[PDB]
Amino acid sequence: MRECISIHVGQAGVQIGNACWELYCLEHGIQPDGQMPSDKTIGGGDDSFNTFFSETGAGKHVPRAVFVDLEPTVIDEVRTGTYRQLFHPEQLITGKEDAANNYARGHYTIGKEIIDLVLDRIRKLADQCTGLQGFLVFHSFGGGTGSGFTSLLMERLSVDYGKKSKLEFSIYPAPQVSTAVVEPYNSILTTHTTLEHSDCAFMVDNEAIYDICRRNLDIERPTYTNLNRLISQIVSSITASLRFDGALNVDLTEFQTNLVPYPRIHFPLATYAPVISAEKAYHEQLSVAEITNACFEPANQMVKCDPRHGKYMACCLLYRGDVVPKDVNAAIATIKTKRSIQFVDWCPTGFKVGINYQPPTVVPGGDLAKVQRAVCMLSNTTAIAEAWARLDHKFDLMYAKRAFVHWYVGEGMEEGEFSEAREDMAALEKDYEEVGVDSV
Amino acid sequence: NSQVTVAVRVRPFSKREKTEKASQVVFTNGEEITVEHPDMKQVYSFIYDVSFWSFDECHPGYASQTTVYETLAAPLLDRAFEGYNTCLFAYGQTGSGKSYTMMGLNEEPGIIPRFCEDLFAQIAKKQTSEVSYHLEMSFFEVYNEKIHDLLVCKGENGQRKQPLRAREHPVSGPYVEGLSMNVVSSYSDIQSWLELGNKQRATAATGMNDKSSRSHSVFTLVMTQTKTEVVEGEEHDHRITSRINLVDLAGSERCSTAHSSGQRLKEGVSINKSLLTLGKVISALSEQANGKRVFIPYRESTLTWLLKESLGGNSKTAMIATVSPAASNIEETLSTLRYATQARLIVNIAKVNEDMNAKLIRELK
Amino acid sequence: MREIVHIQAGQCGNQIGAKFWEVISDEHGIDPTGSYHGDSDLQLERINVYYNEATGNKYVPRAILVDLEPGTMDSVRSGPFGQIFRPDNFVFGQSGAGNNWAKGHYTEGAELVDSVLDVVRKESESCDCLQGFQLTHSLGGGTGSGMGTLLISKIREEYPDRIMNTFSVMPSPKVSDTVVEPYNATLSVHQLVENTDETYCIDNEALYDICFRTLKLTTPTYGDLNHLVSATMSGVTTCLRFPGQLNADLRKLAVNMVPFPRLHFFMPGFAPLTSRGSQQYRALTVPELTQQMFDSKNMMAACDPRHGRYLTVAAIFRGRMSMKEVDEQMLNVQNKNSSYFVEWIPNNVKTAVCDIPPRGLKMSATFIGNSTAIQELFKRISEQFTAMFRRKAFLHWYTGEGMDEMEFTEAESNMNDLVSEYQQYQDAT
Ligand SMILES: CC(=O)O[C@H]1C(=O)[C@@]2(C)[C@H]([C@H](OC(=O)c3ccccc3)[C@]3(O)C[C@H](OC(=O)[C@H](O)[C@@H](NC(=O)c4ccccc4)c4ccccc4)C(C)=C1C3(C)C)[C@]1(OC(C)=O)CO[C@@H]1C[C@@H]2O
Ligand SMILES: Nc1nc2c(ncn2[C@@H]2O[C@H](COP(=O)(O)OP(=O)(O)OP(=O)(O)O)[C@@H](O)[C@H]2O)c(=O)[nH]1
Ligand SMILES: Nc1ncnc2c1ncn2[C@@H]1O[C@H](COP(=O)(O)OP(=O)(O)NP(=O)(O)O)[C@@H](O)[C@H]1O
Ligand SMILES: Nc1nc2c(ncn2[C@@H]2O[C@H](COP(=O)(O)OP(=O)(O)O)[C@@H](O)[C@H]2O)c(=O)[nH]1
Ligand SMILES: [Mg+2]
């Protein structure tokens, strides 16, 4: 059976893990105590689909996930919370301090003494798999553990495993909003190191979801328990092809090909069109044509980046529910007739389609509505350079005076590792420039 | 009024590298220096105020030891005898040739011996019945932001690294409390003291070498000129002093590739920090010389605080960064180059010089 | 796994500490018998930070009181919460400092600190993982400044990786309490600058105005003023004890607040404070906290940020809150008041939001600021200093105890250098 490993790192990933497994457990029919009475009443089945949940003899289904951190104060909401009887007690959480918004502290200093234990429990879950498809890493630029440890771990996995797809779901640092004065340093050092190892790193910006939650869902005072259910839907729309039956099923290796032309431009953006409240769930048709055009609407992009300042190199669409292909080809034709959507000349196709039959569910206590169709658009745009440059300029301003550097050197880091990283960040911005230029 | 003279020296291959046919990655175009990766992906360009291309004995402008001395160090003696303080910093990773340049062999001397002997010669020439000169010397080290002396005998103990303190005399600026100072009359005495001290300088067999320096060494010469002038009486006591400082810095070294725990890690951290503060002070000094209003953070590190009176003011600073041309040392090379740079790194990409023979484009034109 | 050693030096620390343990015990539900009478289970999950355990499920604080005048230490034992402290940690001597920095640093402190450090090593090695230290003392006197900074220098060499968070009552501009505050303070700053990571400057004049202008108190005593400092000391170390959405330890503040090593002096604050009557008129929302926090009158430092620029600030929130409402508001403060912020730091603010509010409140907030307005303290002391040292006004009570004219000048220059180190960023750029 086809399987995927879900690695969760730092506070930003763990709190998304709780939101993803709240959703996976609901769709298949699992209670928080690991049980699935459906097979007790039916007489067995693969409904507890083995891609994400492994099975024991007592009927308990354990998730294929690992929940790393350096703070105890985050995991201990899990070991004491609703889902304590689901996860293996091996959660790999360090009885020491955090990284204190420091790459050098998460990469080397207090990233070692832990990494070997993390890399074994990953090995144990992989030896239990009869054909592994890839990894799914959840972290956030801005911290030490989501920057450092994720750059330490992805290096070791490129050695031992090598050929398996290693995907990232990352919280891009926003331009105006931010919870740390040293997000840029921890972000530009990360891309220097992951860019050679990861294969496709989907990016989201917390600021865009804050706006998406205001315009559409009408939530003026959101929390992180509202952003992350909406992120949990992106991951499910990706991993649905491995779990449920469908007409066109897009595995992991197919995202890695259609969306990544050259090895260094694997930074696409995600979104989800039918963000509709219960009240506005009526008064809407919610057709493929209405849902599909909205994925290109800049307001509904989950990264603050106007696509109209750039060009699309590749775009993958993942439909769900009562979706008929003829309605999709009509849509993709309607998008190529427009002129605010300018593609590259070297990708006249541009598009990919995936269709499933299992509609999305509704996590109770939430805000999203019961819609019968859904879309997840994964786009590779040249616009995202404007975000790279905005971060680099923040880096060059406060690095010239060597502000906040001694906290990095004090954990083991050379001054030239900034500059080297800076050069790496100044290249990539030329590659996104060159590839977007029209050929002769 | 001041200005930092930055010089970069690219050594030649060694016999071992010539045997292994280690490739070349550092090139020259007159004054500019470049690094072209073996992967043919990026071309980094550096400019420095002075370059010393000791790669091939045949090329015009091959930097001899005398050329290096007469270009970088000797004007410091002119300013010293003029009555102004001087500092020469030496930086370079092990295997670059940081000692060959400074101290040198028995046959091909370096900056230290040429400097000291020329000093003695100029003194012997200027010595008369009216003017006299007096030379004192000291030799201390810095280790984990603590001071130690290099010219005492280790007592009968498991260790006698007796630390000392720094203090700010309101007039003479900062100084080191309890440091021994000795008088000198010849390079024999200077060489004897230095050869004693460099056995006590902290060194350990890291991964990169059997003997890599883990302390910042400071070698100070205080030169006092006693002259006389008519005061309607006994001409007496017109006194001038000048301080020469020769600093040997330690190498940076990252601790993420060079796995290293414990005392080695603490040493590397302190080295990295001191070098960072040194770079900040140097850039602040450059901006001050170019005329901006600048605050120089002398106090964020012991070396800067002790050398305050010999970098700022009407004082003359020089830095010599040593690099290797081989490809295996390329990370260290790029790091040292970036560190020695003061204005900006230049970057391009080019693979278009190979014009298939004899500049094909000419006949195309 | 993140434990703190509390140290209390002098008459200003030992009376704050007495209130500090009278505010944490009431949070974690501990009574003065050391026993637990709480309601939730969160109060005990991270009790290992400040308190240790004992036989009968009793909890003994990790406090180390130090002094040279027993009169203060004996006042604590007789107080309401005195009977929980470990009696072997009541370290004292005799022959008080006499408001002389020398006596508390050079003569009587040296003959006492070795007994103090034994208690520290005895507590530090009983901890699984040590975050840092927490000293509550006062400049202007002898014990807190002398014996405090002597103890800092020793712990920093012996425990160099760990944090030394300091809460310090600075001298006031108008109304002194000791005639030789400039001497006893300038020497203390010479030690704190080198040997600290984060120092919280408190000034009693600012606390009297907060008590009179906002709290509308007519007869405020020192126990009330300290009820404002005990609040900030807790808000800082909240996200170690209680869980939240975005957590922040002490180190996570220092990295985001100390851009250069020497500029670790902070202006604290606390929200929301109000009168016993005016609480029926003020809705507690996230915006109302943020305005009160950035208000010059609500800062405990006796300076005014509006004569300078914020280099970097911090807002440790406590309660159920919308993260958008926090991030929007901290953004709005910068884009409106950009002149009071630094251009070469793109965002001068961070955030931390905990989910367990205080004993009787829906939401609270702590504010920590690093501003160029803090130079007016050191420039003011540097003026009082040189006017006195130039004619040697009170100097013979120090030289007779093992000092010289040289150490006084070192204290002036490091302080006057730090002042200029702040002004460079205060100006146009
Ligand atoms: C029942 C009730 O709502 O009365 C309030 C009250 O009227 C006000 C005035 C309280 C009251 O504040 C004061 O009276 C006061 C006087 C001098 C100095 C400081 C405070 C109160 O004491 C404050 C006290 O709040 C707390 O108890 C916090 O938990 C506070 N408690 C203690 O520290 C404490 C001190 C001694 C003994 C036991 C507990 C706290 C603050 C920070 C961290 C932990 C705890 C409460 C609810 C009130 C009173 C009692 C009137 C407020 O207190 C604070 C910290 O702001 C002022 O605004 C809050 C809430 C109210 O406005
Ligand atoms: N989308 C989302 N982002 C979060 C959440 N919690 C924290 N973050 C993000 O995390 C970033 C700050 O860095 P952290 O993720 O806390 O750093 P870390 O990976 O946890 O490493 P440490 O901070 O040392 O524990 C900010 O950009 C936050 O937006 C969350 O629940 N959802
Ligand atoms: N300019 C030069 N021209 C020719 N040969 C040189 C030059 N500089 C250095 N060398 C050679 O390279 C060696 C480097 O110096 P040596 O002290 O032997 O090793 P080292 O690694 O440079 N010591 P260190 O730099 O302190 O780590 C010299 O001994 C010479 O043999
Ligand atoms: N805030 C506050 N300050 C105090 C208290 N007691 C003393 N002080 C301050 O302490 C200073 C005097 O220092 P002192 O404590 O006598 O020094 P010590 O004798 O060495 O401990 C004055 O500035 C007082 O304002 C108190 O209970 N609260
Ligand atoms: Mg954390």
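Residues numbered from 1 in each chain as written, not as in the entry; some residues may be left out. Chains lettered and ligands numbered in written order. Part of a larger assembly, values for the part shown. Heavy atoms only, no water.

## Looking at helix α4 (residues 111-126) of chain B
Because each turn of an α-helix spans 3.6 residues, side chains separated by three or four positions end up pointing in the same direction. Just so we agree on the cut-off: By definition, any uninterrupted DSSP run of H or I lasting at least four residues is a helix, any uninterrupted run of E lasting at least two residues is a strand, and each is numbered from the N terminus. In a helix, the anticipated span is given by 1.5 Å times the number of residues less one. A simple rule labels every residue: compare its accessible area, found with a 1.4 Å probe on the protein chains alone, to the largest value its type can have, and call it buried under 20%, exposed over 50%, or partly exposed in between.
If you check α4(B), its first and last C-alpha atoms are 22 Å apart, about what 16 residues at 1.5 Å a residue would give, namely 22 Å. Looking only at α4(B), the buried set comprises B:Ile111, B:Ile112, B:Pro113, B:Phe115, B:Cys116, B:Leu119, B:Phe120 and B:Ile123.

## Let's talk about the sheet that holds strand β17 (residues 346-348) of chain B
Residue and element names in this part refer to chain B. Put simply, the test is: At least two DSSP bridges between two strands are required for those strands to pair. Whenever a helix is involved, its axis is fitted only over the stretch in contact; in every case the axis is a line through C-alpha atoms, and angles between N-to-C directions fall within 0 to 180 degrees. Contact definition: two residues touch when any of their heavy atoms are within 4.5 Å.
If you trace the four strands from one edge of the open sheet to the other, you get β2-β3-β4-β17, paired in antiparallel fashion. Of all the strands in the sheet, just β2 (26-29) and β17 have a single pairing partner and so form its edges. Taken over all neighbouring pairs, the strand axes of this sheet differ in orientation by 25° on average, direction set aside. Bridge count between strand β3 (residues 32-36) and strand β4 (residues 43-46): four bridges; the pairing is antiparallel. In the strand pairing of β4, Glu-36 is matched with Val-43. Strands in contact with helix α8 (residues 330-340) are β2, β3 and β4; relative to β4, the strand with the most contacts, it is inclined by about 35°.

## With respect to the site of ligand 2
The following threshold applies: Being near a molecule or strand, for a residue, means having at least one of its heavy atoms within 4 Å of it. Computed with a 1.4 Å probe, the accessible areas rest on the Shrake-Rupley method; for each residue, only the protein chains presented here act as cover. Ten residues, namely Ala, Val, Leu, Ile, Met, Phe, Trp, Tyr, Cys and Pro, are considered nonpolar, four, namely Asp, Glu, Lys and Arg, are considered charged, and the remaining ones, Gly among them, are considered polar.
Residues in contact with ligand 2 amount to 19 residues; listed here are only the nearest, A:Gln11, A:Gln15, A:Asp98, A:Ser140 and A:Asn206. Near ligand 2, residues from chains A and C are present, making the site a shared one. A total of 630 Å² of accessible area belongs to ligand 2 in isolation, and the protein chains cover 97% of it. Counting only elements with at least two residues in the shell around ligand 2, the list comes to α1 (10-28), α6 (144-160) and α9 (224-239) of chain A. Per-element tally for the shell around ligand 2: the top contributor is α1(A), with four residues. Across the shell around ligand 2, the residue classes tally to five nonpolar, 11 polar and three charged.

## Notes on the interface of chain C and chain A
The test is simple: Buried area is calculated as the accessible area (1.4 Å probe) missing from two parts once they are joined, with the contributions of both summed. Salt bridge, as used here, is a side-chain nitrogen of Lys or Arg placed within 4 Å of a carboxyl oxygen of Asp or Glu. Think of a polar contact as two N or O atoms within 3.5 Å of one another; within protein, one of them needs to be a possible hydrogen donor and the other a possible acceptor, and neighboring residues in sequence only count if both atoms come from side chains.
In this complex, chain C contributes 43 residues to the contact, which on the side of chain A involves 39 residues. Between chain C and chain A the total buried area reaches about 3,800 Å² when both faces are included, carbon and sulfur atoms providing 58% of it. For the pair chain C and chain A, the interface holds two salt bridges. The partner of C:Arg46 in a salt bridge is A:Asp76, and the shortest N-O contact between them spans 2.2 Å. Linking chain C to chain A there are 13 residue pairs in polar contact. Sorting the residues of the side of chain C that touches chain A by element identifies β6 (130-138), α10 (238-241), β9 (244-246), α11 (250-254) and α13 (323-336) of chain C as the ones contributing at least two each. Top element by residues in the side of chain C that touches chain A is α13(C). It accounts for seven residues. By residue class, the composition of the side of chain C that touches chain A is 21 nonpolar, 11 polar and 11 charged.

## Details of the interface of chain B and chain A
Every contact between the two is made by 19 residues of chain B and, on the other side, 17 residues of chain A. The largest per-residue losses of area from chain B upon contact with chain A belong to B:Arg254, B:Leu276 and B:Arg338, which jointly make up 35% of the total buried on that side. Seen at the junction of chain B and chain A, the total is four salt bridges. The closest approach of N and O atoms between A:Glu420 and B:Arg254, which form a salt bridge, is 2.9 Å.

## A few points about the UniProt feature "binding site: Mg(2+)" in chain A
Basically, it comes down to this: UniProt positions are given in the numbering used here, feature names are shortened, and annotations may be inferred rather than shown by experiment.
Here, the residues flagged by UniProt with the feature "binding site: Mg(2+)" are A:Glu71. You can see A:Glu71 is positioned in the loop between β4 (65-68) and α3 (72-75). In this structure A:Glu71 comes out as buried when scored by relative accessible area, which is 3%. Those residues in contact with A:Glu71 that sit more than four places away from it in its chain are A:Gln11, A:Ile93, A:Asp98, C:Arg2 and C:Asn247.

## Here's the deal with the domain arrangement of chain A
Reports of interface size often rely on the accessible area that becomes lost once the parts have come together. All names here are of chain A. To be explicit about the condition: Residue ranges labeled as domains rest on an automatic or database domain assignment.
Examined at the domain level, chain A breaks down into domain 1 (1-268), domain 2 (269-383) and domain 3 (384-440). For domain 2 versus domain 3, the distance between C-alpha centres works out to 32 Å. Listed by partner, the interface residues are 13 residues for domain 2 and 10 residues for domain 3. Along the contact surface separating domain 2 from domain 3 lie one salt bridge. A salt bridge links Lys-311 to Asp-438; the shortest N-O distance between them is 3.5 Å.

## What about the pattern of salt bridges?
One pass over the structure, following the stated rule, counts 73 salt bridges over all chains. Note that A:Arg214 and A:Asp211 form a salt bridge whose closest N and O atoms lie 3.5 Å from each other. Of this pair, A:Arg214 and A:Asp211 both sit in helix α8 (residues 206-215), separated by three residues, roughly a single helical turn. One salt bridge in this structure joins A:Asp306 and A:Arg308, with 3.0 Å as the shortest N-O distance. One network of salt bridges, with partners in common, ties together A:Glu414, A:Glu417, A:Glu420 and B:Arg254.

## What about the coordination of the magnesium ion (ligand 5)?
Ideal values for angles at a metal depend on the geometry: 109.5 degrees with four tetrahedral donors, 90 or 180 degrees with six octahedral donors. Going by this rule: We call an atom a donor if it is N, O or S and sits within 2.8 Å of the metal, or 3.2 Å for Na, K and Ca. Water is not counted, so some sites may look partial.
Looking at the magnesium ion (ligand 5), the protein donor atoms are A:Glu71 (OE), A:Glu71 (OE) and A:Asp98 (OD), and they sit 2.3 to 2.5 Å from it. Residue A:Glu71 is found in the loop between β4 and α3, and its partner A:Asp98 is found in the loop between α3 and α4 (103-109); the two are separated by 27 residues along the sequence.

## Quick look at the packing of helix α5 (residues 115-126) of chain A against α6(A)
All names here are of chain A. Quick reminder of the rule: In what follows, roughly perpendicular refers to angles from 65 to 115 degrees, roughly parallel to angles under 35, roughly antiparallel to angles over 145, and oblique to any angle outside these ranges. A clockwise turn of the near helix away from the far one marks a right-handed crossing, whereas an anticlockwise turn of less than a right angle marks a left-handed crossing.
Where α5 contacts α6, the two axes come as close as 11 Å, and the packing angle between them is 50°. Comparing the axis directions of α5 and α6 gives the class oblique. Between α5 and α6 the crossing geometry is right-handed. Of the residues in α6, those touching α5 at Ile-115, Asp-116, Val-118, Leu-119 and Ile-122 are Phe-149, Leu-152, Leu-153, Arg-156, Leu-157 and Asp-160. Here the contact of α5 with α6 is built from residues that sort into eight nonpolar, no polar and three charged.

## What about the pairing of strand β4 (residues 63-67) of chain C?
Residues and elements named next belong to chain C. Put simply, the rule is: Handedness rule for crossovers: strands pointing away from the viewer, path from the first strand over the helix to the second running clockwise, crossover right-handed.
Of all five residues making up β4, five are buried, and the element is well covered by its neighbours. Bridge count between β4 and strand β5 (residues 90-92): three bridges; the pairing is parallel. Of the residues in β5, the one forming a bridge with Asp-67 is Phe-92. Once you follow β4 into helix α3 (residues 70-78) and on to β5, the crossover reads as right-handed.

## With respect to the pairing of strand β8 (residues 198-203) of chain C
All names here are of chain C. Most of β8 sits inside the fold, with six of its six residues counted as buried. Taken together, the six bridges between strand β7 (residues 163-170) and β8 define a ladder with parallel strand orientation. For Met-170, the partnering residue across the bridge sits in β8 and is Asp-203. Chirality of the crossover, the property in question, places the unit of β7, helix α7 (residues 181-192) and β8 among those that are right-handed. Here two bridges tie β8 to strand β10 (residues 265-271), and the two strands are oriented parallel to one another. From the neighbouring strand, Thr-199 faces β10, where its bridge partner is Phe-265.

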